[PDB]
């Protein structure tokens, strides 16, 4: 019936961009007759300010009462002297993922036509283009493995983290990657360090076991140091990249930055029942906050991921995506998408959201 969304806009540009996502959602709600109710909750640094911790009890409970979390961004210089476990970004995101079992992170990164010049890639590499989905295991591996901590004092004081995966954890993230490849270009590149790590040995072994169910999908394996090199040089050769938690973290940010256009990229972190956490791929960009400069496209597109993946509102999700395409091909781009001689054509955050929501209303 009537969906419930926990809106966790966080810090920096999170609120001003979330305002545009919500604006575009309003247009989609009216066009498709969706009944979505939203409640806002403090998270990250504003929650520390307001409630003394990055993930208040009340915010968590709001997320459990929701069908999805629409999440902005967290962190900023203000909290960047806090002891590393009280800090906003890890203190909002890791417990969210752990509590809701959001084991699947999807971060698709593509080079958009006309924006090749912005890619830090050499012009003939960006001109080939790319389109790489990183599928990253989000609730296991070295992030949540135990023992973690430290023992001892002085020179022999040591600290430790345990990277741990079971067959079950690996197979459920691998199926996600194969299924995604199946509807893309039918190739999974599994990324590990199987020459060094026992988790990676089992990782590679299991993802190969999952492959039997996808005889139309090509699987190759690559070590993470090789994957990071190869993506800099021929990112067009990857379709779906399938990674454990630490590796996926590194790789997803790497190809996102290779696009040159992070303010266009969004993220889905989902559990097996369709609940998920939907967010822009970039940070809270505190330096540009409250200035009407941030690109809201990433947050807008996060709301379209939320519609699709949690609310099963595929039409609505697709309408927002095309209203974004339309912006991008009708000269509605924020300042960071424009070369320095074109930076005077920059639209503000409000202008971007206004356009994109008008487009949805107009039947794009």
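Residue numbers count along the first chain shown, from 1. Whichever C-alpha set is largest while still superposing within 1.5 Å between the two forms counts as the rigid core.
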Positional deviation of Cα atoms in 6 other deposited structures of this protein after core superposition, greater for 79 to 87 or 160 to 168: 79 to 87
query: When the C-alpha temperature factors are averaged for each of 287 to 295 and 191 to 199, which stretch ends up with the higher value in the entry?
result: 287 to 295
message: So, looking at the entry's B-factor column for Cα atoms, which has the higher mean, 206 to 214 or 83 to 91?
response: 83 to 91
- prompt: If you compare 183, 140, 72, 260, which has the highest Cα B-factor in the entry?
  reply: 183
statement: Looking only at 126, 252, 272, 269, the Cα with the top B-factor belongs to 272
statement: Chain thirds by Cα B factor, record data; residue 35 belongs to the highest
task: Tell me, lowest, middle or highest third: where does the Cα B factor of residue 5 rank within its chain?
output: middle
field: Lowest, middle or highest third - CA B-factor, residue 116
entry: highest
- request: Could you say whether, by C-alpha temperature factor, residue 152 belongs to the lowest, middle or highest third of its chain?
  value: highest
- request: Going by the recorded CA B-factors, say which third of the chain residue 238 sits in, lowest, middle or highest.
  value: middle
